[PDB]
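As a plain string of letters, each chain reads:
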Amino acid sequence: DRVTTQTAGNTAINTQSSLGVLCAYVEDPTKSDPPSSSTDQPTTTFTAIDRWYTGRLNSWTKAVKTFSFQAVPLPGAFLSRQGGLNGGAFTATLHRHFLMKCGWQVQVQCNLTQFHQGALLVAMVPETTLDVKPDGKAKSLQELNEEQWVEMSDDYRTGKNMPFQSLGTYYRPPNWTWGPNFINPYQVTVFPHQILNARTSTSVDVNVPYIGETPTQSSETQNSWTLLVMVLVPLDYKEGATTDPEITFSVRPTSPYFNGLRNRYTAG
Amino acid sequence: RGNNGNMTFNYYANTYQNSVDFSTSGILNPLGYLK
Amino acid sequence: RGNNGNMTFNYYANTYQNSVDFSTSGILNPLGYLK
Amino acid sequence: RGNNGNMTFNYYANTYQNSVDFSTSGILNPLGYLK
Amino acid sequence: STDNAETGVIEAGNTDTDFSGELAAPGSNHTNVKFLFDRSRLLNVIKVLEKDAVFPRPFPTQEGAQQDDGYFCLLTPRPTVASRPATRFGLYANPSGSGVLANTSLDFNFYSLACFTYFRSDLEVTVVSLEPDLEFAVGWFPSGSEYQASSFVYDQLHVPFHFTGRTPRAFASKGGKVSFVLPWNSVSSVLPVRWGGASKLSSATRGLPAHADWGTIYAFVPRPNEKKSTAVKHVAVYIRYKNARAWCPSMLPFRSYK
Amino acid sequence: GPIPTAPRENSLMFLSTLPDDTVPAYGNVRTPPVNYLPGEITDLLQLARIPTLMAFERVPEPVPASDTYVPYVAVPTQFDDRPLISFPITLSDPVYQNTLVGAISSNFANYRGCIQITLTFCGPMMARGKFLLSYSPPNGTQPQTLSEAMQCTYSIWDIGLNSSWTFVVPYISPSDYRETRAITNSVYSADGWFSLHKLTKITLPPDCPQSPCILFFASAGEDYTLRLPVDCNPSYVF
Amino acid sequence: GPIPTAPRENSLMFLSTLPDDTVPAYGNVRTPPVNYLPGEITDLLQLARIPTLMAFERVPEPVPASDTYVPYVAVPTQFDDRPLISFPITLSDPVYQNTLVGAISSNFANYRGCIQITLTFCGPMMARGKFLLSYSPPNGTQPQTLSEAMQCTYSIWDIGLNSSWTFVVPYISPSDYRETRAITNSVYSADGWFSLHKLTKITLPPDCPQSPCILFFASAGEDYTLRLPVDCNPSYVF
Amino acid sequence: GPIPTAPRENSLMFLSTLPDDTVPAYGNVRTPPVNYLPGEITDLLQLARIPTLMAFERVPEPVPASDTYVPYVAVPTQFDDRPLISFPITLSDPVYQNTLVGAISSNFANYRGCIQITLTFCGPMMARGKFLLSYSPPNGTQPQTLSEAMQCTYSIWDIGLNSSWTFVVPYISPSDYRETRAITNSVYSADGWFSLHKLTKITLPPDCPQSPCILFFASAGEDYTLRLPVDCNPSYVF
């Protein structure tokens, strides 16, 4: 049963190496109630947002070290058009509503074949500030193109580089040492995940529901789910094989609830 | 249960000893499934 | 009820723990009506 | 029994006041026998 | 047995799967979330108020600010700085310099076993004096509330307003202790152990939640402002999580190999 | 025999909010009963539901004294594409400061439910006009344009036989409860803006007085709820 | 009348692990309910059963920096009768230090049940080979020979269609429980060694890359149990 | 409401022998069960009933060292009308000092019931002889004559096929209990004497070894009982 073609709206995506769909942490992340904390009528789903959206990540290479990763914030990639992920009607609905609640269906494709070795960890990781620089501003697409991969080091292991409020001249500047948005890179397999091994498959499936600190969250600021693509085993091949395989990803929202209908968002 | 042993008698009512959530209107579960 | 949680047992009688008025012989009420 | 006299009432549950062993799956006995 | 780890699901096996044997019988349940976190541990050490405080200003605090640092304790497992919620934990490695040394706090025991993303519990607070035979009292105000920073005059003695109010005040005896349990008082459903959002639409800091707390406590002497000596006194804070529940399995902190 | 007891560590502590009774010293006292006296108040939300006057500054720019705050907004004949009056939905804002909803709620930490704004046209009966009343969710910039107000939650109010319009501000919040006081001015405390725009100009027959006035009331909806009593502000006594 | 009481000698003692409730100060508070939020964690062994990556040094002898610890062991073509990787079954050892089993268990004093080691072959599909995975009971000298590994508890793993092998380490202990941390390195804390030997060499068609890698996971069996919570190590914050 | 209580004058007193439980600090702990382990000891009188060796000095007068105490009494061929061995029935006497009856009972204040003295003839099978074993009640002078031993409680023991004789010392006391240790050497602590007399000489065929030996055991009867535990003697550790 490795051939699966999954249909949503007017978009159908196909794979011939399906490992199955990782359903965590409920038996169906589409089974869900109207959000109890808002009393206006929610804007529910319709068939032009009941569809998949496809974007591009940076190329995986021999030079990419172990545990180097790419971070795709959701819904932040739609807001920033990261990797060409234009969201159409879904992004148009995002910019016009104050609250947003949904789960996510994600599929990441990478075009491996035989005579190649390597493994990619593909996880949906709650909750990250990995899309943000240590100065507190979000990464631009130029900066995401210049990395080309985020290197694991002392920072991002301990949380030392997470965004912070400066204390000011009144206080002594403290030695920042630790933070709770660390990545423990050996433990990323606790999250809803699959492994894109070169040996066995070209695509992976993860299916996640809505989670949050509140039964709905603000459309502009939430980062409750993040598509993390992390190298476990580096790429190796002999010369004459395909250099620089590409990584694409396909994102579908599940059971969206929109609240607080208002005009298009303009920043301050 | 929790780290509690004095089970015989409770002096205060439940809604004063603890919070309760408002109405809107072992054997372990696996954290992941395959289709 | 009031700000009281120890509901199980009262040591003193009601007419000693509180006053009571002598004999002579939620859903909210509106404070105003229109005719 | 042991050196215990306050037998009427126990405040804490048995598994908190004492240990209990886990499941796997007077007149005096003589310490020796002859065949 | 043969598997595919790329599945993301791996069945928890036993000795009898490949070899000859049987299941080891269960004999403990201490990994239960309601059992594990239901124990008291040292949160923070705060100074004792002897006068009406001026609450610490929001960041960035500038020069010449007249304020009383080190007296207020956020009831958070999350890291704090200068009685306000923080993202990074900070410490001071060297004495020399000039400027105010900000108070920072953590629950190391919590993050050693969180291991999860979301948390909710009631909170037993226990207050222990570090000075012998101290007569002291505990003032609390909930999440979203603030300190009432003024005094009133009785018989030409300035009596601060934090001696009273609608929020709980607990007077300890001479050398006594204070213990009480607090409900989950936030506007939020749960406390985020780790957070990726932003509280404001403009100039907010990513990963800093606004109301991931059970309120703020402070210690004060139950005597008016005229009664004061120079000797500073200290108070330790103990917290215990009641009816703890957890959601969304996640990571444990990195352990350095040096 | 003596009952064995283990006094806890918090013994002899006075706790101001303790939910338990104390010992009576002067019992067996009967008070005069209260059969005759009407108007018994079970719950303070019964007075929160009663509409009371808001406050605004009268006119820009010159005023004889800044204390001249007024419960109405005058409607000028001049047209410019900005709202006549606007205020944030934030219960610590001065526009609610002397309303019963703001004064009662300011002694509580949290609120839930809808605020009900009531308008009253106090102009002459011969006056005709239309107003657009719009509630905006929080945004990076407050809306000012009538086209921007039209994209929000809005209702058009017509001047006619009935003089009043009750506008229920919808409860749109990410969390189940909202903070009464905007300390950090977060999304949990400031719930956007209500604004008044004139749709058409007010038309008058001759010898009518110019610039009629709209009287403003604030009131709590039937679903309105308050939680977590806090210390009062004693600023009023000084 | 006053009840006669005899307070015990441990009166007014604060005990941090006391299994009893204290007095509530701020009751009658209802929190927002939690119907919507999935993934509720009843027990930490549910996360202990989840496989996570182990750690080893990459290659001997020269390394650019000693911090280059890696979740896999590379398989060289060279043959010598020693295991490729070996580590003691001791939950305080650095090979478990950043696994969930080691990190969770290190805050507990005792464990019972089986550790489940999961291997993953990340080489190319055209690669063929065989490995011998052996668990040794404690001994005066750690076994190194393949003949010595064959005499222990062992399983042969074949490279093929299925890429992974789950090796359950058997629970062989003199006592019912075992110590998590090897203070004195006794028989109650160190339960021997797991070792990996290559049975046959890995065979490759030409233009395959040399030295494929085996990815290592550690996980708790379904019979795994933890007891006696202890104080944490705060070394991570410094 | 607060329950009215009257704490007694002995409040906060620690009493080492209090028959009541204290507060648990570390509950919910399950220990490993004990199904496999036999030999469970319910009561120390089960070990008191087990016979153990008494002690006497070997031979008068010259000894190489006074530490040469011996569990038997040698039987010489010489005849004189005095007992071969005698000892008081007093559980603090050195003859009981390293028996289980004396060592267990010395940590108790009182005893009741019978002491059972067991004799064992360790000489050759060809030996024949007769002994008179006599228990004397307390008297102004200890009896020494065989005619005086015959007037007391006595039994004649014959050497033959069965090698052992169990002599039960009768419980003859004015009070229901007797003191273990003779402080003042009163009638309540010293219960007379047991004595061994030879009735006939031991006869031997030639080439038998001279002076056979009788091995002595002390043991508690089935009616033996101990009461009132006291402080131990720590003299053994120095």
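Residues numbered from 1 in each chain as written, not as in the entry; some residues may be left out. Chains lettered and ligands numbered in written order. Part of a larger assembly, values for the part shown. Heavy atoms only, no water.

- Under the annotation held in the PDB entry, chain F carries the name Capsid protein VP3 and is attributed to Senecavirus A.

- In the nomenclature of the PDB entry, chain E corresponds to Capsid protein VP1 from the organism Senecavirus A.

**Here we look at the overall build of chain E**
- The secondary structure content of chain E amounts to 2 helices and 16 strands.
- Here the C-alpha radius of gyration of chain E, 23 Å, is well above what a compact globule of 258 residues would show, namely 18 Å.
- Once the C-alpha set of chain E is aligned to its principal axes, its extents read approximately 85 × 45 × 40 Å.
- For chain E, the proportion of its 258 residues judged to be buried stands at 64%.
- Working note: accessible area of chain E is about 9000 Å², and carbon and sulfur atoms make up 50% of it.
- The averaged location of the 22 negative side-chain charges in chain E is 6 Å from the averaged location of its 26 positive side-chain charges. (Helix = DSSP H or I, 4+ residues; strand = E, 2+ residues; numbered from the N terminus. Rg over C-alpha atoms; globule rule 2.2 N^0.38 Å. Buried < 20%, exposed > 50% of the residue type's maximum accessible area, 1.4 Å probe, protein only. Areas by Shrake-Rupley, 256 points an atom, 1.4 Å probe, with all protein chains shown as cover. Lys, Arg positive; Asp, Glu negative; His and termini not counted. Charge placed at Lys NZ, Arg CZ, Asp CG, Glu CD.)

**So, the environment of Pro192(E)**
- Relative to the helices and strands, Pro192(E) is located in strand β14 (residues 191-192).
- The spatial distance from the C-alpha of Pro192(E) to the C-alpha of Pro253(E) is 16 Å, given a sequence separation of 61 residues.
- Leaving out residues up to four positions away in the same chain, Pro192(E) has contacts with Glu213(A), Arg78(E), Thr117(E), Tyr118(E), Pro209(E) and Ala212(E). (Contact = heavy atoms within 4.5 Å.)

**A few points about the sheet that holds strand β7 (residues 85-88) of chain F**
Residues and elements named next belong to chain F.
- As summarised here, the arrangement of the 4 strands in space is β7-β14-β10-β11, forming an open sheet in which the pairing is antiparallel. Each edge of the sheet is formed by a strand with only one pairing partner; in this case those strands are β7 and β11 (153-158). Across the sheet, the axes of successive neighbouring strands diverge by a mean angle of 15°, strand direction being ignored. (Pairing = 2+ DSSP bridges. Axes fitted to C-alpha atoms, helices over the stretch in contact; angles between N-to-C directions.)

**Brief notes about the nonpolar core**
- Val188(A), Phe37(E), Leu75(E) and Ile104(G) are the most contacted members of the largest nonpolar core, which totals 135 residues.
- No other element matches the 7 residues that strand β15 (residues 213-220) of chain G contributes to this core.
- If near-sequence neighbours (up to four positions away) are discounted, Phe37(E) is found in contact with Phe110(E), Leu113(E), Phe116(E), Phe119(E), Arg240(E), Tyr241(E) and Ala244(E).
- With 50 residues, the next largest nonpolar core counts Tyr53(A), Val64(A), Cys110(A) and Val204(A) among its residues. (Core = buried A, V, L, I, M, F, W, Y, C linked by side-chain atoms within 4.5 Å.)

**So, the interface of chain A and chain E**
- Taken together, the contact between chain A and chain E spans 61 residues of the former and 63 residues of the latter.
- It is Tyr170(A), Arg172(A) and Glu213(A) that lose the most area in chain A upon contact with chain E, and together they represent 17% of the buried surface on that side.
- Along the contact surface separating chain A from chain E lie 1 salt bridge.
- Residue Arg206(E) pairs with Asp131(A) through a salt bridge whose shortest N-O separation is 3.8 Å.
- Sorting the residues of the side of chain A that touches chain E by element identifies β8 (175-178), β9 (193-197) and β11 (217-218) of chain A as the ones contributing at least two each.
- Counted by class, the side of chain A that touches chain E contains 29 nonpolar, 25 polar and 7 charged residues. (Buried area = accessible area lost by both parts, 1.4 Å probe. Salt bridge = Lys/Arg side-chain N within 4 Å of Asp/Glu carboxyl O. Nonpolar A, V, L, I, M, F, W, Y, C, P; charged D, E, K, R; others polar.)

**Remarks on a nonpolar patch on the surface**
- Together, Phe152(E), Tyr154(E), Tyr236(F), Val237(F) and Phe238(F) line one region of the surface with nonpolar side chains, adding up to about 670 Å² of accessible area.
- For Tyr236(F), the location among the structural elements is in the segment after β16 (225-229). (Patch = residues over 30% accessible without salt bridge, like charges linked within 9 Å, V, L, I, M, F, W, Y side chains within 5 Å.)

**Brief notes about the environment of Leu74(A)**
Residues and elements named next belong to chain A.
- Relative to the elements of secondary structure, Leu74 occurs in strand β5 (residues 69-74).
- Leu74 gets classed as buried once you look at its relative accessible area, which sits at 1%.
- Considered as a pair, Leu74 and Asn223 are 149 residues apart in the sequence and their alpha carbons are 5.9 Å apart.
- Not counting residues within four places of it along the chain, the set of residues in contact with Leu74 comprises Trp104, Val106, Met124, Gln222, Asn223, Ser224, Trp225 and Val251.

**A closer look at the sheet that holds strand β1 (residues 3-7) of chain G**
- Judged by pairing direction, the sheet is parallel, and its 3 strands sit side by side in the order β1(F)-β1(G)-β1(H) without closing on themselves. Where the open sheet ends on each side, the last strands, each with one partner, are β1 (3-5) of chain F together with β1 (5-7) of chain H. Between one strand axis and the next, the sheet turns through 45° on average, direction left out of account.
- Here 3 bridges tie β1(G) to β1(H), and the two strands are oriented parallel to one another. Paired with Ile3(G) across the bridge in β1(H) is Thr5(H).

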